[PDB]
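partial complex follows, first chain(s) only, in situ:
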Amino acid sequence: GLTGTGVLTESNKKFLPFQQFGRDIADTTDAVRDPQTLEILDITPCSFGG
Amino acid sequence: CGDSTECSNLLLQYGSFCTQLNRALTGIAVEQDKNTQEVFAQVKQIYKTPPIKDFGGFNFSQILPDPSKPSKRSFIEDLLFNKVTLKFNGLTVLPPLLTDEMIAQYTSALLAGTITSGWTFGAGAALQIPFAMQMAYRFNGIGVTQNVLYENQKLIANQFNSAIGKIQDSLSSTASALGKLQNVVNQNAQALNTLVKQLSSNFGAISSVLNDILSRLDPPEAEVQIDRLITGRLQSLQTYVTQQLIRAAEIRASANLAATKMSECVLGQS
């Protein structure tokens, strides 16, 4: 149910056993947990510029 | 809009606000570069201190560049750099034209020129002069005859040396002496942070995310909700731009004062 774009990589963060997704500051998501494998991933915005 | 076709189509009919916003930001960046270049680029050549240093007993070790460190910075410059502390959502930060090494090179050239050639290099070609005679001229310039300096040289030198050491300690131990630069950095960071934070507001709509609005209603009222979101975000962007303009004007005034002080006090006696 959480939708968004970006590139997904492997992360080493340690989600405590009941969180689902993480945000750092200014309320922007950085990590998610897939509901099947139960592993923590990492989201990065794919590149852009002028 | 965040890569939404409907948002772009709706925004297309508000004219050309973004062109002038980007124009203002580009002008601000160009002004910053001009400020730095005007402040620091005062000399025409790059002077170098002689390998042997005997300036009548004076000791400039703490402020002369140190070849050991790759940065080629002095002790005080390293202390100042270590003292202060500090592509996300469609916003970018552009690097300055002048790197820190070039600023250090300008500072070293100015220091070597004023140490070796007195004030002559600021009005033509650098002219060699022993340091003690230059300090005699500087005393003669404030109404004290040079007779004094030559008869009180060593003591005077000692005093100078001690003073230099003192400020190093005043920078090494005591903090909060550089509040202005830290304040500028904090202001910029806070403004950017709140501008990013504004994305989560509602502005009177039913949700703060476009996808939920699109995937829960037919277009007829989706347009109304998207219009509310668009006008709120546009107002926030305009406020941020205006604040940036005001701060840029103040910074430009400060930079002009700094350039005047550098011209009048480093290249000559005031």
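Good, I have the coordinates. Numbering: from 1, shown residues only, chains lettered A, B, ... in the order given.

so the residue nearest to residue B:48 when sequence neighbours are not counted versus chain A, what's the distance?
Of all residues not flanking residue B:48 in the chain, residue B:112 sits nearest, at 5.9 Å (Cβ to Cβ, 6 or more residues apart in numbering or on different chains). The C-beta positions use only the backbone N, C-alpha and C, and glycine is treated the same way. Look at residue B:112 and chain A: by Cβ to the nearest Cβ, to the nearest Å, they are 40 Å apart.

for burial, what's the neighbour tally of residue B:100?
13 (other Cβ atoms under 10 Å in any protein chain shown).

where does the stretch 101-250 of chain B get nearest to chain A, which residue?
Closest to chain A within the stretch 101-250 of chain B is residue B:196: 4.4 Å, counting by Cβ to the nearest Cβ.

tell me which helix or strand that residue sits in.
Following DSSP states H and E, one finds residue B:196 within helix B:179-197.

and that helix, what's buried?
Going by neighbour count (16 or more other Cβ atoms under 10 Å in any protein chain shown), the buried part of helix B:179-197 is B:192, B:195-196.

got it, and stretch B:46-62?
B:47, B:49, B:55, B:58, B:60, B:62.

ok so, going back, list of residues touching the helix holding residue B:196?
A:25-28, B:84-86, B:88-89, B:91, B:236-237, B:240, B:243-244, B:247, B:251 (Cβ atoms under 8 Å, 6 or more residues apart in numbering or on different chains).

ok, the residue positioned nearest the centre of chain A - contacts?
Closest residue to the average C-alpha location of chain A: residue A:31 at 2.1 Å, with Cα atoms, centre = their mean. Going by Cβ under 8 Å, 6+ apart, residue A:31 touches A:11, A:13, A:15, A:21-22, A:40-43.

what is the nearest of the residues you listed to residue B:213?
residue A:21 (21.0 Å; Cβ to Cβ).

same structure, new chain, call it chain C:
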Amino acid sequence: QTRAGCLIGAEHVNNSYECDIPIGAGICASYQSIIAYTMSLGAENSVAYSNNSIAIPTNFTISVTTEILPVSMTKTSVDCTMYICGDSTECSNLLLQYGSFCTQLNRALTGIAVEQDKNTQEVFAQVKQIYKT
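Adding chain C to the chains above:
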């Protein structure tokens, strides 16, 4: 590939000249084809310091240089009722319920114009009489 991004259509050279078209991170490009290079701060020399040596000029030159400073800009005036309504009674009546949002604009513009006139008069009227050669 440079600290400022990526660049296509120019060649990187090992020399260093003055900066023509600034690019960033200490590099810029110029037309020769187009060449991109690290900016050069200036010439290099070492003054011959010694504890018993001096240099004294023997001749002189006289130089004339120019400096340019703006002092004023054009004075403009804008009428709200014609700009946003264009001689329409209904538009005027509708605008009448927004309070006094345009008296402020007129006051601001008049202040700007008066300031421009004061700027010019204060810069140039530095003398009391008119002298003749």
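
once more on the contacts of helix B:179-197, this time with chain C?
By Cβ under 8 Å, 6+ apart, helix B:179-197 touches A:25-28, B:84-86, B:88-89, B:91, B:236-237, B:240, B:243-244, B:247, B:251.

let's see it at 6 Å
A:26, B:84, B:86, B:89, B:240 (Cβ atoms under 6 Å, 6 or more residues apart in numbering or on different chains).

would you mind putting the CA coordinates of that helix into PDB?
Extracted C-alpha coordinates of helix B:179-197, given in PDB (Å, rounded to 0.1, in the frame of the first residue of the first chain):
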ATOM      1  CA  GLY B 179      28.800  32.300  15.700                       C
ATOM      2  CA  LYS B 180      28.200  34.200  12.500                       C
ATOM      3  CA  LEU B 181      29.200  31.500  10.000                       C
ATOM      4  CA  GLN B 182      27.500  28.800  12.100                       C
ATOM      5  CA  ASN B 183      24.300  31.000  12.200                       C
ATOM      6  CA  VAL B 184      24.400  31.400   8.400                       C
ATOM      7  CA  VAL B 185      24.800  27.600   7.900                       C
ATOM      8  CA  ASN B 186      22.000  26.900  10.400                       C
ATOM      9  CA  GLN B 187      19.700  29.400   8.700                       C
ATOM     10  CA  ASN B 188      20.200  27.800   5.300                       C
ATOM     11  CA  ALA B 189      19.700  24.300   6.500                       C
ATOM     12  CA  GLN B 190      16.600  25.200   8.500                       C
ATOM     13  CA  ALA B 191      15.000  27.000   5.500                       C
ATOM     14  CA  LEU B 192      15.700  24.000   3.200                       C
ATOM     15  CA  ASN B 193      14.400  21.600   5.900                       C
ATOM     16  CA  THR B 194      11.100  23.500   6.400                       C
ATOM     17  CA  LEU B 195      10.700  23.800   2.600                       C
ATOM     18  CA  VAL B 196      11.000  20.100   2.300                       C
ATOM     19  CA  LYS B 197       8.700  19.600   5.300                       C
END
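
how many other residues sit next to residue B:42?
Neighbours of residue B:42 using other Cβ under 10 Å come to 16.

can you slot in chain D too:
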Amino acid sequence: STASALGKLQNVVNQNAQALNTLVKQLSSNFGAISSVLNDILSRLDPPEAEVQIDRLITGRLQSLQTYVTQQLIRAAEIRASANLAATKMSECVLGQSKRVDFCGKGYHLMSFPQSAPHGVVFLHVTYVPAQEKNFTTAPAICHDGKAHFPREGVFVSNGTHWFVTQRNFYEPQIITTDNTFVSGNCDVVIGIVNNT
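Same chains as before, plus chain D:
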């Protein structure tokens, strides 16, 4: 011969013209209404929605006008600061000779001349620049008869065999005499003093 030397006044004029041009171009936007011309809205439909369309037009145009006014205020403040600086320069470097270095001209200031320009002023600064240097050997004081002599103004120099006193900014040697020097103490505490007559 060479043009493009007056970029500042050109920039001011271009900024003003661009601001006016975008302000007048803003009149051709729908702002979410059915048309960009008010006469069509008035003549095409019944008022109870005409006020809605006109309200959208009004709010858009008000926003544009406010933005223009704020930009004009900022630019006017900047121009006023520049005008104050120009007035100070005219007062100091034209009505008198200035001692503060590099305030007006590169070198030692002699005088300045003003000229007008369509929206500004141009200063012509006349400056004195030394040239054609030469090496010399120098000493801080002269020991004679157990006494130390310092120059009243100038500096001691030597071409290799004899010593002279010269003014600092121009080479003009003269014989050392008891009229252009003064005595203080004995030649025992001055570092670098030399023997002469």
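
now with chain D: the buried residues of stretch B:46-62?
Residues B:46-49, B:55-58, B:60, B:62 are the ones in stretch B:46-62 that count as buried (16+ other Cβ under 10 Å).

of all these, which two lie farthest apart?
The widest separation within the buried residues of stretch B:46-62 (Cβ to Cβ) is 27.3 Å, between B:46 and B:57.

nearest residue to residue D:180 other than its sequence neighbours?
Residue D:180's closest residue in space is residue D:152 (Cβ to Cβ, 6+ apart), at 5.3 Å.

tell me how many other residues crowd that neighbour.
For residue D:152, using other Cβ under 10 Å, the count is 10.

roughly how far does it sit from residue B:145?
10 Å (Cβ to Cβ, to the nearest Å).

please apply the same query to residue B:181.
Taken as Cβ to Cβ, the span from residue B:181 to residue B:145 is 42 Å.

which parts of chain C sit against chain D?
C:52, C:54-61, C:63-74, C:84, C:88, C:91, C:94-95, C:105, C:108, C:112, C:119, C:122-123 (Cβ under 6 Å from any Cβ of the partner chain).

please type out the PyMOL selection for whichever of those residues turn out to be buried.
Restricted to buried positions by 16+ other Cβ under 10 Å, the PyMOL selection for the residues of chain C next to chain D reads:
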select buried, chain C and resi 54+55+56+57+68+69+70+71+72+73+84+88+91+94+95+105+112+119+123
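
in strands, which of the residues of chain C next to chain D fall?
C:54-55, C:59-61, C:63-70 (DSSP state E).

can you put the residues you listed in CSV and add distance to chain B?
Below are these laid out as CSV (distance: Cβ to the nearest Cβ, whole Å):
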residue, distance to chain B
C:54, 6
C:55, 4
C:59, 12
C:60, 10
C:61, 9
C:63, 10
C:64, 16
C:65, 13
C:66, 18
C:67, 14
C:68, 15
C:69, 13
C:70, 15
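
and which of the residues you listed is nearest to residue D:179?
residue C:54 (22.8 Å).
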